[PDB]
A.B. asks: 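For reference, the structure I am asking about is given below.
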Amino acid sequence: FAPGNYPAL
Amino acid sequence: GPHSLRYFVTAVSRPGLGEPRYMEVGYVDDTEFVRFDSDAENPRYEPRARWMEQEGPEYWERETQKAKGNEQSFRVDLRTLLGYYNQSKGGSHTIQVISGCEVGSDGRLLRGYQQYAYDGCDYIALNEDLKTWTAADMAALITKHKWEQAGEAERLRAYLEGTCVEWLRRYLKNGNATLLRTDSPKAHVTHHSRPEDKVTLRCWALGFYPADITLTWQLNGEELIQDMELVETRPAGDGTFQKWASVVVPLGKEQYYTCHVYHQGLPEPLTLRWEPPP
Amino acid sequence: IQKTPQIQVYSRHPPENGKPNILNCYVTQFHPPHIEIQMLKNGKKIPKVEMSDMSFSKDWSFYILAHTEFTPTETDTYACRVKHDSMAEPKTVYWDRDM
């Protein structure tokens with residue numbers, strides 16, 4: 001699970 | 001036996017030459033096992049270890065979608081950072097991330113990782129408490145205050161303690177055997193001399209896996225740390241590794257020196273000497 | 001904040017004249033990731049050189065393995081040449097069959 005959807009810098 | 005599941009991600013802007021290059025590499029216990037590379041017409045997450053071929057199309061589809069989602073987000077992040085550092089749009093820049101979990105032999109979380117870098121330097125990292133961030137410069141303070149206000153750390157702590165751990169356990173079930181494999185080193189000593197009163201003894205270790213290994217030279221009882229020449233362990237290109245350690249000794253005194261090879265695939269460390277067959 | 005590549009040139013198997021082998025050029029510790037790697041035989045570029053996929057390590061620096069097929073002889077010189085923004089000139093490392 002990579003995963004997706006990290007918050008913007 | 002502790003274990004880890006980590007993802008190493010790279011986004012490189014290529015102004016004037018196209019869209020950023022985007023790369024995700026996954027590792028179970030430091031062994032590459034999946035990879036996504038944006039440099040293709042239909043880029044897809046791929047297995048990089050045969051034991052991952054057990055996973056069905058749904059798994060691969062979902063991983064591909066997430067990767068593509070991350071790629072877009074990093075494309076935005078690259079632009080944001082140009083602003084934070086007031087840099088030109090004509091330059092190439094790099095964002096890197098290390099993200100994942102290590103668990104003990106009991107299966108419980110020992111450490112969560114979420115580390116970012118910009119142009120090869122620390123930008124921001126989740127602390128070991130999994131609650132606070134360390135920002136490395138003024139630009140990263142903006143990100144930090146943003147993420148604090150929105151409570152990003154606790155959301156991320158959940159993923160690391162839960163989903164990450166769970167997937168790691170799954171991957172270990174399918175790949176444990178493969179991951180525990182060891183190839184022991186074959187060792188030998190070579191002898192070199194130019195026209196002079198000294199010779200070089202080089203102790204070689206070949207065909208070994210994993211990469212972790214130690215080579216020493218001993219004179220009498222003592223180890224010769226200061227005098228040895230060492231090379232970094234290096235891939236043979238076939239999955240196994242190589243290393244050597246060498247020492248300069250007096251002509252005629254070759255048989256006073258002993259090479260020792262320590263590696264986990266050895267029931268007992270190898271000990272050897274220069275041995276001219278003729 | 002650029003980092004200078006380190007380079008090792010070496011064979012996959014112990015060399016034996018007239019016996020096919022693989023020559024490796026291992027490049028590590030560099031940043032940014034854009035890099036040009038050539039392999040040379042007696043001063044002339046070897047055309048069919050394959051590259052592994054790139055990776056990076058815990059300190060953020062990148063690494064990659066270049067390689068090519070070759071049959072060593074007593075007198076052929078081989079080398080690896082690397083161009084990278086951290087260096088003014090290209091760096092050339094010669095194969096030493098004892099290393």
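Heavy-atom basis, side chains included; hydrogens, waters and symmetry copies ignored. Labels below follow one simple rule: chain letters A, B, ... track the order of the sequence lines, proteins then strands, and each chain is numbered from 1.
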A.B. asks: Does a sphere of radius 6.0 Å around CZ in B/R181 hold more than 12 heavy atoms from other residues, nucleotides or ligands, not counting ones at 6.0 Å or beyond?
C.D. replies: yes
A.B. asks: Mind running side chain to side chain contact (heavy atoms under 4.5 Å, CB included) on A/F1 and B/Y7 for me, showing each step along the way?
C.D. replies: CA-CA 9 Å; A/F1 226 69; B/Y7 284 87; 5.5 Å; no
A.B. asks: Do you know which of B/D77, B/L156, B/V97 has the most heavy-atom pairs under 4.5 Å to chain A?
C.D. replies: B/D77
A.B. asks: Can you run down the disulfide (SG to SG under 2.5 Å) pairs that involve residues 54-95 of chain B, sequence neighbours left out, and say none if there aren't any?
C.D. replies: none
A.B. asks: Look at atom CD of B/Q87 and say whether more than 12 heavy atoms of other residues, nucleotides or ligands are closer to it than 6.0 Å.
C.D. replies: yes
A.B. asks: Could you list which of residues 116-145 of chain B have a heavy atom closer than 4.5 Å to any heavy atom of chain A, in residue-number order?
C.D. replies: B/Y116, B/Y123, B/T143
A.B. asks: Does the side chain to side chain contact (heavy atoms under 4.5 Å, CB included) test come out yes or no for B/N70 and A/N5, once each step is laid out?
C.D. replies: CA-CA 6 Å; B/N70 296 324; A/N5 212 66; 5.8 Å; no
A.B. asks: Would you mind reporting whether A/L9 and B/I95 have side-chain heavy atoms less than 4.5 Å apart?
C.D. replies: yes
A.B. asks: Is a side-chain N or O of B/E24 found less than 3.5 angstrom from the main chain of A/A2, in a donor-acceptor match?
C.D. replies: no
A.B. asks: Can you tell which part of B/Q114 gets under 4.5 Å to a heavy atom of chain A, answering side chain, backbone, both or neither?
C.D. replies: side chain
A.B. asks: Under a 4.5 Å heavy-atom cut-off, does chain A meet the side chain of B/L81, its backbone, both or neither?
C.D. replies: side chain
A.B. asks: Under 4.5 Å from any heavy atom of chain A, what part of B/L168 do you find: side chain, backbone, both or neither?
C.D. replies: neither
A.B. asks: What pair of heavy atoms forms the shortest contact from A/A8 to B/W147, and how long is it?
C.D. replies: O-NE1, 2.9 Å
A.B. asks: Less than 4.5 Å apart, side chain to side chain, heavy atoms only: is that true for B/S99 and A/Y6?
C.D. replies: yes
A.B. asks: Do other residues, nucleotides or ligands put more than 12 heavy atoms under 6.0 Å from B/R170 CZ?
C.D. replies: no
A.B. asks: Show every donor-acceptor pair shorter than 3.5 Å between a side-chain atom in residues 103-110 of chain B and any protein atom, with sequence neighbours excluded, or say none if there are none.
C.D. replies:
{"residue": "B/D106", "atom": "OD1", "partner": "B/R108", "partner atom": "N", "Å": "3.1"}

A.B. asks: Identify, with sequence neighbours excluded, every residue that meets ring-ring contact (aromatic ring centres under 6.0 Å, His included) alongside B/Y84.
C.D. replies: none
A.B. asks: Within the supplied structure, the quantity of interest is the number of heavy atoms (other residues, nucleotides, ligands) at a distance under 6.0 Å from B/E154 CD; does it exceed 12?
C.D. replies: no
A.B. asks: Can you tell me if B/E232 has over 12 outside heavy atoms packed within less than 6.0 Å of its CD?
C.D. replies: no
A.B. asks: Given that the side chain runs from C-beta out, which part of B/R62 has a heavy atom under 4.5 Å from chain A: side chain, backbone, both or neither?
C.D. replies: side chain
